[PDB]
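Asks: Turn this into a model:
(chains A, B, C, D and E)
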Amino acid sequence: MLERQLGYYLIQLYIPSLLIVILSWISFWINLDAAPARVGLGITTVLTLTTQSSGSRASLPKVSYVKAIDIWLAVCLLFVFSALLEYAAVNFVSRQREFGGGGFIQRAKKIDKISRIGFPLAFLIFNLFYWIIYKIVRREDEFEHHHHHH
Amino acid sequence: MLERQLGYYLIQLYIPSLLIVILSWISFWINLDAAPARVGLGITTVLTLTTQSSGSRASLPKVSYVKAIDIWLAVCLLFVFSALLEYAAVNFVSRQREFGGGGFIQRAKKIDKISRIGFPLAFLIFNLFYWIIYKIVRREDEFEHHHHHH
Amino acid sequence: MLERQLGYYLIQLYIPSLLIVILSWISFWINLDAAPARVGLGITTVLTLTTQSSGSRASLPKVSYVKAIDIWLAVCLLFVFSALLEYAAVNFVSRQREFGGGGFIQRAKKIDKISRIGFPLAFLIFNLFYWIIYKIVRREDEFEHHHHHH
Amino acid sequence: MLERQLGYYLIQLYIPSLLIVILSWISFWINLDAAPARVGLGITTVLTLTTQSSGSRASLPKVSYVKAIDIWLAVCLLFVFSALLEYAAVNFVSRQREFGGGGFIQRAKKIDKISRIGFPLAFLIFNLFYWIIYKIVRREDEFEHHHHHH
Amino acid sequence: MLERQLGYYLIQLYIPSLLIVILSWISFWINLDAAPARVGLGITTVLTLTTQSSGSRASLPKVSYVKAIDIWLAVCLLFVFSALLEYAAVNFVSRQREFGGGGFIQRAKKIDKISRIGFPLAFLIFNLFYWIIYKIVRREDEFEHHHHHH
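Replies: Residues are numbered from 1 along each chain as shown, chains lettered A, B, ... in the order given. Here you go:
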C-alpha cells in the first residue's frame, strides 16, 4: 500500500541517477567517434537503472507507473533527440548550414562548442527535478518557501 | 479480457517508437562506419521496446500476438534487409555496379544520397501506421473521412 | 501435448531466421574490421531468436529439445568455426600460406574471394533445411515426390 | 534466517571481484580509445557479478541490501566519476589546464601518468575492504590485533 | 535426484564449450585492437553458456554448484588474468621490459609470438578436463588404464 510512497525512494535515487547522467554528456563530446562505446553504455544504464529500480514491485509501483508514463513520454524522445542531432550533424557538415565551408576540415579542432548547451542542460534538469520534487509534496505550495516572488 | 483493447496502447506507444526509429537512420549514414555502435543499439531498442511493452500480460496480449505475427513476419525481414544492403554496399563498390569506377576513392565524400530513400521511407511508414490505425477501428470505413475519393 | 507438433512453427519461423542469417555473412566480409559491431549482433540474434522462440513452453518444447540438441551440437561449432577462420586469417597472412607474400599489402584490395564460399554456403543450408523439413514429415518418403531418381 | 550471515559469502566473493577490478583499470589506460570495448565489459561485469551474486535470495539478502545501499550510494558514483574524468580529459586538453599546450600532439606518447593514481587506488580499496571486513565482525575491536597503536 | 548425475551432461557439453574457447584466443591476437568486439562476445559467451546450461534446475545443479565453485574460483580469475596481461601489454611497451626499445614501432609487425603460449594453453586445458573427467568417475583409478606408469 506504498504506491504513492514510492516517490520518496525515487527522489533520493534520482540524485545519483542524474549526476551520472550529466557526466555522460561531458564525455559524449569525445565519444562521438573516439569511443562511442561508453556513450552507448551510459544511455542504456539510465533506462536500465530505472526499470530495475522498480522490479521488487513490493511498494506497488503501479500507481507510480501511470504518473511516470506522463513524464516518460517525452524525456526519452527528447533525451535521444538531442544526442542524434549531433551524432548525425558530423556528416551533416556538407549541408553547409554554416556561413561557409571554409572550416570543414578545420572542424576536427573541436572548439568544444557542444558544452555550451550541455552545461546549462544539466543544471536545468537538476533544478527542474529538485524544485519539482519539493513542490509536488506541497501541491498548493504550503511550505515551499522557495521563490515567493510571484 | 482486454486482448483486443491492446491496440489502443500500441498506437500511442507506436508514435514515439516510430519517431525514434526515423532518427536512427538519419544517423545510420555516418554510423555506417564512423560509429556503428549507435546503429546497433537503435535497432535492438526497437525490438526490445516492443517485446517488453507486452511483458505485463495483464491485457492478454495473446490475441494481439497472432495478429502482430502476420505483420511482424515482414517488417523485421525488410527493416534489416535495407540496412544490410548499405552495410555491405560499401565493399560492393568493387562490383563497379555504377557506370565507372572513377569515383571509387571519391565516394568517401558522402553525397548523402542515402537520405533520398530514408526520408521518404520514414514518412511512408508514419503515414502507413497512422492511416491504418484509424482505418482498422472502422473496418468498413464508417467514420474514416480520410480520402473519400475512390 | 503439442511437443511433436512444434516443428511446424519452427519451419515457418526458420525461413525468416535463415534469410536474415545469409545476409549477415554478405555483410561480414566488410564488418571483418570496418564494422564488426553488426557481425556480433547478427550472430547473437540467431541464437537469441531461437532460444526465445521457445520461451512460452506452452507447446512442450521438451521433446523438440532433445531432438534439437542432436543437431545443435554441430551447427553452433561449425557456424562459429568458419567465422573465426577468417576473423583470424587476416593476421595469419604472415604465415605465407599463399605462394608468395608479394601481395601482402595488396590484400586490402578485397577481391571479394570470401563470397565464393558464403554464396554456395547459404544455398546449401536453405536447401538442406527445406528438403529435410518436407522429408522428415514423410520418414519413408511417401509423398516426397522430390527427386525419385535413386 | 541467514541474512546477517551473508557477509561471509560476500567477503570471499569480494576478493576475486576486487582483483579482477584492479586489472581492469590497468588496461583501461590503452582501452581509453585503442579498445574501450573491454573497459565497458569490465565495468558492467562488476555490477552484474554482484547483482547476480544475490539472485538465489535463499540467504535473505534483504538485510544485506539496506546495509549495502548505504555503501553502494557512493562507490558507483565515485567509481564512474574517475573513469569519466579521463574519458573526457583527452578532449579537455584544449582547456590548456597544463602550463602550456606545447606538448599537445606529444601527449599521445602516453607517459603512463595514469598509473600513478590507479596503482595506489587499488591497494587502498583492497586494504579498505580487508580491514573493514575483519573489523565489522568485531565492532568494538575485540580480536582485531591489527594496529593497536592509537 | 540427479544432482551428482549432472557431471555427465557437463562433460559432453564441455567438449564444444572448450573447442569454441580455444578458437577465441586464436582470433584474440588480431582482435587485440583490430576487432576486439569478437573477443568481448566470446568471453561473455563462455560464462553465459555455462550459467544458462543449468537454468532448468531439474537435475538439481545445487550439488554441482558447490563443487563447481571450488574450481570456478580460479578459472575465471586466471582466464581473464592472461587476457589483460596482453590487452595492457601493448601500452606497457614503453616500460622497455625488453632488451631495447629499438623495435618499438616495429612491434606492429606481429611476430605472432602470442600463439606460443595459447597453443600449448589450449591443449593443456583440453587434456586437463579430459583426463580429470575420466579420472573423477574412478576416484581410486580402478578402470583408468591411462598412464599406469607411476
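
Asks: Over in chain A, which residue gets nearest chain C? Let me know.
Replies: residue A:37 (9.4 Å; C-beta to the nearest C-beta). C-beta coordinates here come from the backbone N, C-alpha and C atoms, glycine included.

Asks: Helix or strand for that residue, just tell me which one.
Replies: helix A:36-51 (DSSP states H and E).

Asks: and the next helix or strand along the chain from that helix with helix B:37-51, angle?
Replies: Next along the chain after helix A:36-51, taking DSSP H and E as the criterion, comes helix A:62-87. On the basis of axes from the mean of the first three to the mean of the last three C-alpha atoms, to 10 degrees, helix A:62-87 is oriented at 150 degrees to helix B:37-51.

Asks: Can you show me the CA trace of the helix or strand immediately after helix A:62-87 in the chain as CSV?
Replies: Per DSSP H and E, the first helix or strand lying C-terminal to helix A:62-87 is helix A:89-92. Output of helix A:89-92 as CSV, limited to C-alpha atoms (Å, rounded to 0.1, in the frame of the first residue of the first chain):
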residue,chain,number,x,y,z
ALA,A,89,25.5,16.5,-37.5
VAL,A,90,29.1,15.4,-38.1
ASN,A,91,28.0,14.1,-41.5
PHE,A,92,25.5,17.0,-42.0
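
Asks: tilt between the very next helix or strand once past helix A:89-92 and helix A:62-87?
Replies: For helix A:89-92, the following helix or strand on the C-terminal side (DSSP H and E) is helix A:115-136. Orientation check (the same axes, to 10 degrees): helix A:115-136 against helix A:62-87 gives 170 degrees.

Asks: list the buried ones in helix A:115-136?
Replies: A:115, A:118, A:122, A:126, A:129, A:133 (16 or more other C-beta atoms under 10 Å in any protein chain shown).

Asks: out of everything not next to it in sequence, what's closest to the third one?
Replies: Nearest non-adjacent residue to residue A:122, counting by C-beta to C-beta, 6 or more residues apart in numbering or on different chains: residue A:22, 3.8 Å away.

Asks: returning to that earlier point: tell me the one among the buried residues of helix A:115-136 nearest to residue A:71.
Replies: Comparing those against residue A:71 with C-beta to C-beta picks out residue A:129 as the nearest, at 10.1 Å.

Asks: what about the closest residue to the closest one other than its chain neighbours, which SS state?
Replies: Sequence neighbours aside, residue A:14 is the residue nearest to residue A:129 in space, at 6.0 Å (criterion: C-beta to C-beta, 6+ apart). Assigned with DSSP: H, G, I helix; E, B strand; the rest coil, residue A:14 falls in the helix class.

Asks: And residue A:14, how far from chain D?
Replies: 12 Å (C-beta to the nearest C-beta, to the nearest Å).

Asks: That residue contacts residue A:130, correct?
Replies: No. Using C-beta atoms under 8 Å as the test, residue A:14 is too far from residue A:130 to be in contact (9.2 Å).

Asks: that older thread, can you list the buried residues of helix A:115-136 in CSV and add distance to residue D:90?
Replies: Compiled in CSV, the buried residues of helix A:115-136 are given as follows (distance: C-beta to C-beta, whole Å):
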residue, distance to residue D:90
A:115, 14
A:118, 17
A:122, 20
A:126, 25
A:129, 30
A:133, 35
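
Asks: does any bit of stretch A:67-80 sit next to chain B?
Replies: Yes. Interface with chain B: stretch A:67-80 contributes A:73, A:76, A:77, A:80 (C-beta under 8 Å from any C-beta of the partner chain).

Asks: For residue A:101, grab the count of nearby residues.
Replies: 13 (other C-beta atoms under 10 Å in any protein chain shown).
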